[PDB]
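Student: Protein chains in written order, with the working numbering: chain A, 178 to 307; chain B, 47 to 252; chain C, 30 to 158; chain D, 4 to 85; chain E, 9 to 226; chain F, 17 to 81; chain G, 73 to 154; chain H, 39 to 109.
Think of the CB as a built atom: it goes at the ideal place given N, C-alpha and C, for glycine as much as any other residue.
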Amino acid sequence: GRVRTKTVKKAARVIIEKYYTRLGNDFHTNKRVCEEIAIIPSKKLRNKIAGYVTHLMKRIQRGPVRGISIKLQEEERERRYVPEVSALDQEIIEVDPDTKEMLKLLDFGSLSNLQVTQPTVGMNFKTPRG
Amino acid sequence: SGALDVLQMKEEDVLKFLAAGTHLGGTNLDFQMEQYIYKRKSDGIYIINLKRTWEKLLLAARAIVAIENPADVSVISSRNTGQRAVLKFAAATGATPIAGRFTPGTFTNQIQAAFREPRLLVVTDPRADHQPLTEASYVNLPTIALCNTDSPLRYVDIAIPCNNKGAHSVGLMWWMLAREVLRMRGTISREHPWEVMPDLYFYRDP
Amino acid sequence: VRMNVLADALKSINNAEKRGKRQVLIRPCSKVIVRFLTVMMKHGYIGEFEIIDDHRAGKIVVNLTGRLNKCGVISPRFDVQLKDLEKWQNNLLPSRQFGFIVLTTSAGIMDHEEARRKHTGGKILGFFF
Amino acid sequence: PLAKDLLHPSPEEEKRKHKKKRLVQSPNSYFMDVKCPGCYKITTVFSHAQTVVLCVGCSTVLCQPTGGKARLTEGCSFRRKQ
Amino acid sequence: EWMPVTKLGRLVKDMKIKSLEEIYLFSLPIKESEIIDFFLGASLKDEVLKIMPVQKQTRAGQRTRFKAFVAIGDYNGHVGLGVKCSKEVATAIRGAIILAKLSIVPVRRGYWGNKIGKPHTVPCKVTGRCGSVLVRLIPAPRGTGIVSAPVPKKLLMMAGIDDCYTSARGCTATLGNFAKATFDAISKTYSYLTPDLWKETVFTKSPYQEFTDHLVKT
Amino acid sequence: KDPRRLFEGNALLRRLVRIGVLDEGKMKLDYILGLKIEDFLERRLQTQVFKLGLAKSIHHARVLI
Amino acid sequence: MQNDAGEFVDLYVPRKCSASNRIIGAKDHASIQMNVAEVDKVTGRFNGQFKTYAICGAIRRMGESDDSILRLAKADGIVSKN
Amino acid sequence: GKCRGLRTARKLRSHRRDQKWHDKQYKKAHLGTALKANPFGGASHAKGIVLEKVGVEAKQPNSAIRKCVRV
RNA sequence: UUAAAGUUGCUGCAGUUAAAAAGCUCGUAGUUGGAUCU
RNA sequence: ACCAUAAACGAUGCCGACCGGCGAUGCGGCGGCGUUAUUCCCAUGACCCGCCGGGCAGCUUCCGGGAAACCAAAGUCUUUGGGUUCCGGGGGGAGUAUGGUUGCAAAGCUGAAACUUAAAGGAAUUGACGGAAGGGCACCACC
Numbered sequence: 178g179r180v181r182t183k184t185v186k187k188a189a190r191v192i193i194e195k196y197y198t199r200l201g202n203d204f205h206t207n208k209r210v211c212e213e214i215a216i217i218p219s220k221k222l223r224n225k226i227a228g229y230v231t232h233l234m235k236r237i238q239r240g241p242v243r244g245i246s247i248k249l250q251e252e253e254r255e256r257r258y259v260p261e262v263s264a265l266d267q268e269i270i271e272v273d274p275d276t277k278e279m280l281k282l283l284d285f286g287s288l289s290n291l292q293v294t295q296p297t298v299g300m301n302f303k304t305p306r307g
Numbered sequence: 047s048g049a050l051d052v053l054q055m056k057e058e059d060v061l062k063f064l065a066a067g068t069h070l071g072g073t074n075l076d077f078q079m080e081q082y083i084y085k086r087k088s089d090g091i092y093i094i095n096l097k098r099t100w101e102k103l104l105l106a107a108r109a110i111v112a113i114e115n116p117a118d119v120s121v122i123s124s125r126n127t128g129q130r131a132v133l134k135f136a137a138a139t140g141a142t143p144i145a146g147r148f149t150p151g152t153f154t155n156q157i158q159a160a161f162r163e164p165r166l167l168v169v170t171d172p173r174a175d176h177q178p179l180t181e182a183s184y185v186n187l188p189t190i191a192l193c194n195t196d197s198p199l200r201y202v203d204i205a206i207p208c209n210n211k212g213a214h215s216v217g218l219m220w221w222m223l224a225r226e227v228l229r230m231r232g233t234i235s236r237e238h239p240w241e242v243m244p245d246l247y248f249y250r251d252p
Numbered sequence: 030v031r032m033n034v035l036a037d038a039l040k041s042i043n044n045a046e047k048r049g050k051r052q053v054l055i056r057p058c059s060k061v062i063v064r065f066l067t068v069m070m071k072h073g074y075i076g077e078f079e080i081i082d083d084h085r086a087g088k089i090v091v092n093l094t095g096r097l098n099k100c101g102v103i104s105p106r107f108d109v110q111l112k113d114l115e116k117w118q119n120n121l122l123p124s125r126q127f128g129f130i131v132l133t134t135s136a137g138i139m140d141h142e143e144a145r146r147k148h149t150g151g152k153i154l155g156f157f158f
Numbered sequence: 004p005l006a007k008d009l010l011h012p013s014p015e016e017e018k019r020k021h022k023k024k025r026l027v028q029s030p031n032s033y034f035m036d037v038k039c040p041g042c043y044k045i046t047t048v049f050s051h052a053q054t055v056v057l058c059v060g061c062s063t064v065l066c067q068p069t070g071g072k073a074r075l076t077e078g079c080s081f082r083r084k085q
Numbered sequence: 009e010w011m012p013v014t015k016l017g018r019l020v021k022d023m024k025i026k027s028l029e030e031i032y033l034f035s036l037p038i039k040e041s042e043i044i045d046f047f048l049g050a051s052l053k054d055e056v057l058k059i060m061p062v063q064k065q066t067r068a069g070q071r072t073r074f075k076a077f078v079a080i081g082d083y084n085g086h087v088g089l090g091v092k093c094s095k096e097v098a099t100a101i102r103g104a105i106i107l108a109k110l111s112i113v114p115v116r117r118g119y120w121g122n123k124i125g126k127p128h129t130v131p132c133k134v135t136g137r138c139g140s141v142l143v144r145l146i147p148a149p150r151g152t153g154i155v156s157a158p159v160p161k162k163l164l165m166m167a168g169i170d171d172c173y174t175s176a177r178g179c180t181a182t183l184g185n186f187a188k189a190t191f192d193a194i195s196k197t198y199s200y201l202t203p204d205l206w207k208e209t210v211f212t213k214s215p216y217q218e219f220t221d222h223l224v225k226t
Numbered sequence: 017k018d019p020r021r022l023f024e025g026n027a028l029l030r031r032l033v034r035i036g037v038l039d040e041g042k043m044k045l046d047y048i049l050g051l052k053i054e055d056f057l058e059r060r061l062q063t064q065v066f067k068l069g070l071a072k073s074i075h076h077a078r079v080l081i
Numbered sequence: 073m074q075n076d077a078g079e080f081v082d083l084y085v086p087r088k089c090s091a092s093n094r095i096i097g098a099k100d101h102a103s104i105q106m107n108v109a110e111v112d113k114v115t116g117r118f119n120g121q122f123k124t125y126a127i128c129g130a131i132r133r134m135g136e137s138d139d140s141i142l143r144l145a146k147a148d149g150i151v152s153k154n
Numbered sequence: 039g040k041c042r043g044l045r046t047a048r049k050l051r052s053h054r055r056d057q058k059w060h061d062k063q064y065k066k067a068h069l070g071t072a073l074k075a076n077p078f079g080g081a082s083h084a085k086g087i088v089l090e091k092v093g094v095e096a097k098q099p100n101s102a103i104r105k106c107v108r109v
């Protein structure tokens, strides 16, 4: 089979976590940047690493990769977002009657944005055990 | 928040709490968490008293401000719904974030380069982050956590009673704790609202 | 059935002091128990308590300051002569520097150090340290 | 737990316990004051009554006894004393 | 050369911590033995108690390893007890010496009768317990010496107890359970709350708090 | 303040002071527990003959006596 | 602790748990010492003082360290009533 | 558990002196059958007439002939 | 023969699996017995 | 009609107090939105949400034990005393012989000694085995 051992994958992962800006989606460009950054002996190891770097940079664009740093993997997504109004800036907030009793003890019964919905009338919230 | 008019919960904070859903707990109730519940309504969901969520948050903020070097506080979320709010708590505050899997032996194995020695531990969920809780009982490390109604309170020392299942509630709690620790320090004033919108902390999934 | 009602109260405030609790409810109260607790409080081991009046028998809510290590009864109440007091405090007490043995003497219920001072023997109720 | 005021429970908490497990025990019963609809007499009735109480004027039943609490007849208005 | 890796070893090496009693007061865990070598050092003596060969059966035969039980102690001071297993007896003994330095506790000493002089015995009756073996230390008057078996006598004399009464129970032929049981009793002498320890504890700053401005330069 | 402790506690101290094993200023009953074997072995006549310059070893003194 | 002449004959005086008065031992690695910051009562900013609470490891393994911190801080007026 | 009351002295000592007979050392030295089976009759030494020299064979995990005497 | 033997145990042992708790209930002696009176 | 004996087993005296949680279930009682049936109405029945009290169980836990397996009792034990019954004292000889006693009898209860012996025994851990059951692999196996 073609299963890459942990030498290839370890060196590829630490090159990803150190040089995410220099890398891309082409194999042959990543082949050239690893051979100047890293001191790698005989050529068959340099080629196997750079293929995993290409296959790994393909996968980071689609979401998370568990082997590499979270801080970097999340930050790139952010860098690669502001909504114009906040999701917590609502006009109608639907609360229960029991919630409004809590706000009444919080002396916040004088809120305008509340809309006291009625709760459902059936007391059914458990699974029919058996 | 010792009966000070400067520190009382205002109207907009209550509106954000109600919009995010941080008052609605879970279906079950731990016996250690019974102190913070207003009442269980119908549909079996417990309502968290927001006056006690606000005062436990203000007590945790004093515990974070009482540490001189701000990098000695560590902030931990091992599930994805709180991984973004931890990384922005540490950029606004100056703490040390640990997102993703906590390595067993981060606090006790002193040989490794993964070894850290914090002075305070803030945790997004005491059930999901069970491993950094138990390791704090080896190195004399106090612990703040965001606790739901079913959360166990073994080794938590300040138990902020919020909702931590929904993605908006976690981000709002981390945002409001960041605002409180920055307000209690010498930086941003209590007059104007904070520049950071609280949607920088939410976890928008795909 | 419940015999030796003082053995109940001393086991209750032993088991609650181990659990770190602040208050114990012991029931039923008795006048032997109140005089035992008064000896412990005057040497600093428990703190104030409130006797609750039911018309049947009391209950006592004792406050706990976490200074108690062990509170025990001795059953049966052996007769203790004043020459025999040293063997009892060799067996029961953990040190010659602290701890007390509670005797019922005919001058009242008192600790073993006061009973020597009043030059009195009696019967043993228990011990605390 | 571990710091709970045993001297002063809340009044909705002593109401919840069993009647002998309270701080000072007290019964769950009361004396109602049953009015017969087709009469004028007002009768003192125990709430957990055994054998069936007859208003001696109208000679009609006021409460058939049950397992726990005496079940009134249809239309007998009652108030609880003190 | 000692290049310390913990926050505490960097404080110990830079003369910020003046005694082992500060680390004991704040109950900080000690992960480097060079802290102990820095503090006690020239007055710290060790005794090998038993070299114990243990055997695991394997597919190829059986591996024999060797278990060393090393008690270390500063006489008048502190006492520790380390156990290390290895395939070689010299490395087992050196690792048990490190592990015995690492687990060093203070022992509180008291008076039998009136408090005239320096403390000489245990403050009260303390029982240690480890795997069926019960060891009980009873306070003795000035000058009786240690009245014990020859195994707890080593640890007790290394701890600095002048004179004590002892009573054992269980299967004391197992020298491991009989050494760690008395070590559990010696380590209980500070955990016992006696009436002289009844005052309110004025708190002081932890070494990670007071030297937070020195620790950031490194 | 017991009479046996005051009476036999003072005879026992007087004998130790008299044969030179205690000190005069150390006449409380608790210093008896701080006595050692060598304090009694100093008061043998053999060691006194050696220590007063009559002999020239501890073995010349026994054979002199 | 003290002899008859009055010297202090003790290596160190160990701390006590602020919730339950237990002696925090030398190898009690679950025990806590925690500062809670004090604020100025007109700006709500960190004064510089704090309030130290120590809690032993058995209280924290019980799960009772949250309530104990809460009632210690409530007695100092750091957490207001209710 | 055992009785503990202030008037239990007859129950305590009649139980101990009946459970004392279940000990091998007490039953041997207080019954009298073992003394009647002892050929010395309780003496430390005795005297006899040598009847014959006898070679007794050692028990299994070693091997020799022990030189005994029937007396 | 005594200590060692907390292997006779009142102080002071043990009885799920190492020796060991009665098939079950009744029940005399014995043992033990709730508060309460300056 | 006698016999009265069992892995008669929770392989676990009885009575009493204290000591963690969690959800079910059985019975009785107390409350509570709302579904159904008795045409309405209460009153009840079937459900649903609780609470209280005893019960049969279960899950869970650094309560504390214990040689450990395990145990919310097998905990509150060298910090050893709540009350009380039966019963054990290294392995065999042997529940054998004899005596007494009940029973028609089988059997029941009671029950030794001489002598022999340095171990027998309990938990747990690593390996060893197959004519136990499941997986992976090799043209020095097969197809």
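Taking beta-carbon pairs under 7 Å, can you tell me which members of the region 82-115 of chain B lie near chain G?
Tutor: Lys97, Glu101, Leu105, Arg108, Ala109, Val111, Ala112
Student: Could you tell me whether the Cβ of G/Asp139 comes closer than 8 Å to any Cβ of chain D?
Tutor: Position 67 of the seventh sequence, counted from the start, is the residue given in the question as residue 139 of chain G. Yes, contact with chain D.
Student: Given that a residue counts as buried once 16 or more other Cβ atoms are within 10 Å of its Cβ, and exposed if not, what is H/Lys58?
Tutor: Walking along the eighth sequence from the start, residue 58 of chain H turns up at place 20. Classification for H/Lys58: exposed.
Student: For a test of the three-state rule: what should DSSP assign to C/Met139, helix, strand or coil?
Tutor: On the third sequence, position 110 is the one that residue 139 of chain C refers to. For C/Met139, the three-state secondary structure derived from DSSP is strand.
Student: Under 9 Å Cβ-Cβ, which residues of chain D neighbour G/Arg143?
Tutor: Within the seventh sequence, the letter at position 71 stands for residue 143 of chain G. Correct list: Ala6.
Student: Counting only beta-carbon separations shorter than 8 Å, does G/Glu79 have a partner in chain D?
Tutor: Counting from one through the seventh sequence, the residue named residue 79 of chain G turns up at place 7. For G/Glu79, the answer is no, since every Cβ of chain D falls outside 8 Å of its Cβ.
Student: How big is the Cα-Cα spacing for A/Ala264 and D/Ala6?
Tutor: The count along the first sequence starts at 1 and reaches residue 264 of chain A at position 87. The count along the fourth sequence starts at 1 and reaches residue 6 of chain D at position 3. Each residue's Cα considered, the two are about 42 Å apart.
Student: Which residue or residues does DSSP assign as beta-bridge partners of H/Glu95?
Tutor: Taking the eighth sequence and counting its residues from 1, the one referred to as residue 95 of chain H is at position 57. Answer is H/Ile103, bridged to H/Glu95.
Student: Give the C-beta separation of H/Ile103 and H/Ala96 to the nearest angstrom, bearing in mind that I take them to be a contact with Cβ-Cβ under 8 Å.
Tutor: Start at 1 with the first residue of the eighth sequence, and residue 103 of chain H comes out as number 65. Start at 1 with the first residue of the eighth sequence, and residue 96 of chain H comes out as number 58. Their Cβ separation, rounded to whole angstroms, is 7 Å, which keeps H/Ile103 and H/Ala96 in contact under 8 Å.
Student: Suppose contacts are defined by Cβ-Cβ distances below 8 Å. Is G/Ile131 in contact with C/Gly49 by that definition?
Tutor: Working through the seventh sequence from its first residue, we reach residue 131 of chain G at position 59. Working through the third sequence from its first residue, we reach residue 49 of chain C at position 20. In this structure, the beta-carbon distance from G/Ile131 to C/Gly49 falls below 8 Å.
Student: What's the gap between the Cα of A/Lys186 and the Cα of A/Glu194?
Tutor: The residue given as residue 186 of chain A occupies position 9 in the first sequence. The residue given as residue 194 of chain A occupies position 17 in the first sequence. Approximately 12 Å, taken between the alpha carbons.
Student: Can you name the residues of chain E whose CB is closer than 8 Å to the CB of F/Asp46?
Tutor: Stepping through the sixth sequence from its first residue, residue 46 of chain F is reached at position 30. The contacting residues are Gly121, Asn122, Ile124, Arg150.
Student: Work out the CA separation of B/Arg108 and G/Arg143 for me, nearest whole Å.
Tutor: By one-based count along the seventh sequence, residue 143 of chain G stands at place 71. By one-based count along the second sequence, residue 108 of chain B stands at place 62. Rounded to the nearest angstrom, the two C-alpha atoms are 16 Å apart.
Student: Between the region 96-130 of chain C and chain E, which residues of the former have CB atoms less than 8 Å from a CB of the latter, in chain order?
Tutor: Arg96, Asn98, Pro123, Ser124, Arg125, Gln126, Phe127
Student: Could you tell me whether the region 159-177 of chain E touches the region 120-135 of chain E, using the rule of 3 or more Cβ pairs below 8 Å?
Tutor: Enough Cβ pairs lie closer than 8 Å, so yes.
Student: Identify the contact partners of G/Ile131 in chain C, using a Cβ-Cβ distance below 8 Å as the criterion.
Tutor: Looking up residue 131 of chain G in the seventh sequence gives position 59. In chain order: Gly49.
Student: What three-state label does DSSP hand A/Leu291 in the structure shown?
Tutor: One-based indexing of the first sequence puts residue 291 of chain A at position 114. Reduced to three states, the DSSP call for A/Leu291 is strand.
Student: Taking Cβ-Cβ distances below 7 Å as the criterion, which residues of the region 25-52 of chain F are in contact with chain E?
Tutor: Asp46, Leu49, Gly50
Student: Could you run through the region 208-225 of chain E and flag, in chain order, every residue whose CB is less than 8 Å away from some CB of chain B?
Tutor: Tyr216, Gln217, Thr220, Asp221, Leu223, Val224
Student: Are three or more beta carbon pairs between the region 40-49 of chain C and the region 234-242 of chain B nearer than 8 Å?
Tutor: No: the two stretches stay apart, fewer than three of their Cβ pairs being nearer than 8 Å.
Student: Could you check which residue in C/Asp140, C/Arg125, C/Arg146 has the C-alpha nearest to that of E/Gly121?
Tutor: Locating residue 121 of chain E in the fifth sequence gives position 113, where the first residue counts as 1. If we check each option's Cα against that of E/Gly121, C/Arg125 comes out closest.
Student: Assign B/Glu101 to buried or exposed, taking buried as 16 or more other Cβ atoms, counted over all protein chains shown, within 10 Å of its Cβ.
Tutor: As a working note, residue 101 of chain B is residue 55 in the second sequence. B/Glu101 comes out buried.
Student: Are at least three pairs of beta-carbons, each pair with one atom in the region 220-227 of chain B and one in the region 124-136 of chain B, less than 8 Å apart?
Tutor: Taking one beta carbon from each stretch, the region 220-227 of chain B and the region 124-136 of chain B have 3 or more pairs nearer than 8 Å; the two touch.
Student: Between C/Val34 and chain D, is any beta-carbon pair separated by less than 8 Å?
Tutor: Within the third sequence, the letter at position 5 stands for residue 34 of chain C. Closer than 8 Å: no.
Student: Can you grab the Cα-Cα spacing for the pair A/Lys277 / B/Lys85, in whole Å?
Tutor: Taking the first sequence and counting its residues from 1, the one referred to as residue 277 of chain A is at position 100. Taking the second sequence and counting its residues from 1, the one referred to as residue 85 of chain B is at position 39. Rounded to whole angstroms, A/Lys277 to B/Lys85 spans 12 Å at the Cα level.
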